[PDB]
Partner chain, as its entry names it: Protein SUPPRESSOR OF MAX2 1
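First, one chain by itself: the form deposited without its partner chain, in structure tokens.
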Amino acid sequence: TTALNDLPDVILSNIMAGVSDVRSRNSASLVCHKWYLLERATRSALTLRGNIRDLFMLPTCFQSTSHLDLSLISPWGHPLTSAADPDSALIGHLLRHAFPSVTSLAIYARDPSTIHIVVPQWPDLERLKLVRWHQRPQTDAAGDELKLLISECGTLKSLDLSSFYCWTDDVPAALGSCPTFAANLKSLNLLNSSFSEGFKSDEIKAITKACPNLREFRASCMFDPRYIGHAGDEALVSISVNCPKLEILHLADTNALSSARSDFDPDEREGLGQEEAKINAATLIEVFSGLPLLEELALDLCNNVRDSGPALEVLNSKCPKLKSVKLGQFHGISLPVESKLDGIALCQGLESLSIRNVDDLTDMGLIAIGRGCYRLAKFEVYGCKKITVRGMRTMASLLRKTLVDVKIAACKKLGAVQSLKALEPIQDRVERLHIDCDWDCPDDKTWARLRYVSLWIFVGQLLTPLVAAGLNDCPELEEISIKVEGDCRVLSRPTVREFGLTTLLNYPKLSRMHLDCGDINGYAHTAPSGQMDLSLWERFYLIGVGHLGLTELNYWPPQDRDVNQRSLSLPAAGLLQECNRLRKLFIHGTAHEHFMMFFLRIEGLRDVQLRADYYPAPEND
């Protein structure tokens, strides 16, 4: 009988190319010399792990990797190469020796010298991602370091500044500095939530005019008509005209990109929003008529656009290739009369649809969307007050052949029990799920394919009713993501000891968890009488995490806005030290060095890092 090793080398390379998990690649590289060579010649993506001081011991075996990620090197966020350091240039040379075939690069750009020394090492580079969560260095003019990058990165095809903090004035200046660079760009990602204010109308016009060959354009814009220079009708017209070849257009208000629901939800804002954006249905028709190649559309605004149904009807005819639509605060999405379909219900080619804050949407409109968009695989609804478990269940039944990823959030009449009841038709078919842990809504069973669950819960609420809500039998549930949000400076001390993480022992295959408590606002050390400080809340939320057999954990400590700290406390670190099964542990905040030394006591813990990937990142390092 033929064994695997007797197969031709081409077939073996094809087989090795199918191993995408890095751990399995490392395991396969140890099987034998032939397998070592195959794995090394086949590996294409590498995220560098190690310390900057050890860069001279860098391995030279990864000669075939085309994507290199230098942004996670330790210490996190530190300048990889400083001009003040005398042997800095050598470092760049070292990189070009270790990874000569790099065409995609991701780097942390704290210092402009790091860019100027590392980026030009690969003249054939075509994709670049800049990462910076620290403060923008003071410069004489806007876009100075971006202009330098343009100077040393002529043949770039893709530029990714979605995690790169800068002033919105930097991008258009750099793009207009060198027309040939901007003309060669095919993808431009400016969807940065950290921008204080999004791009203005003039900035958007300049950016689109400079780059006519864009296929992908993402940007965080200022759509609020209160401010001067807000992006509006002419900005959208200019986007459509200047970039006819767009395949992806993702325009979002900056507040819409915030993780905190109090920043974009009109209900949570204290009267903010609630007014019309300077966008009309006729101009939306004009824009959609000018983008025939559009395949993905996202317009997540924090201001209202009403009677947009006629505009969305044009999408079906003028955009045949459109498969994904994401709308934010668009009204009149589906207003069916008698039995006629209209609005987004006309778009039969949709495979993904995200809906947020539609006041007009009733059960009839939801059923109309389910009927018309019969190809939907992903559905996302946020903040619809009038929809009911009846309409959601009917929509799920109508889409029982394709729907596999459902999210229901901030729906007044749809709580946790309501959402789990509404997803009954696709209970055995749904793969990814998000529900809000709303326990006080006033009203066989095996989740066979459910692999991922996302939860949102208010601060101080318990996780115990989850199994009673309907999530009982989930044999395939591997990853759960829990996001907690709220201001606990006004909450009283809870009468229950623990949040209830031990409830997750009900799911046997659960191994990965995201516990995002970073949108909890409380008192760092001086909580008044009847309240508890952030350490006690961390205890409340992290108790029992040791009993879970988690192999990966991403934890976001709660923050004190007045003191401006996201710190991991002594009790929280002690609780995390009980997780003997952890393979990867990433803390999104700051922690004492003794706390980081605590976690190396865990035997199997390989990847540990403090990642301050929020703006502004602490400068104390």
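We call the rigid core whatever largest set of C-alpha positions still superposes within 1.5 Å between the two forms. Residue numbers count along the first chain shown, from 1.
Form deposited with its partner chain bound: not shown, discussed below.
- Only one of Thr180, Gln274, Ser196, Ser492 comes within 4.5 Å of its partner chain in the entry with it bound through a heavy atom, and that residue is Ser196.
- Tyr523 is the sole member of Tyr523, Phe164, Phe217, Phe288 with a non-hydrogen atom within 4.5 Å of its partner chain in the entry with it bound.
- Residue contact check for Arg226: one or more of its heavy atoms lie within 4.5 Å of its partner chain in the entry with it bound.
- Its partner chain in the entry with it bound comes within 4.5 Å of no heavy atom belonging to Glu295.
- Among residues of the shown chain, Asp307 is not one whose heavy atoms approach its partner chain to within 4.5 Å in the entry with it bound.
- Taking the partner from the other structure, its partner chain in the entry with it bound has no heavy atom within 4.5 Å of any heavy atom of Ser339.
- Residues placing heavy atoms within 4.5 Å of its partner chain in the entry with it bound fall in a single listed stretch, namely 132 to 140, out of 384 to 392, 234 to 242, 463 to 471, 132 to 140.
- Proximity to its partner chain in the entry with it bound holds for none of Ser262, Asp265 and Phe458, with the criterion being a heavy atom within 4.5 Å.
- Heavy atoms closer than or equal to 4.5 Å to its partner chain in the entry with it bound belong, across 587 to 621, to the residues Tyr615, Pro616, ordered by sequence position.
- Summarising the superposition on the core between this form and the one not shown, the listed residues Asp307, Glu152, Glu380, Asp202 contain exactly one with a Cα shift of 2 Å or larger, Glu152.
- Superposition of the core reveals a Cα shift of 2 Å or more for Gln531 between this form and the one not shown.
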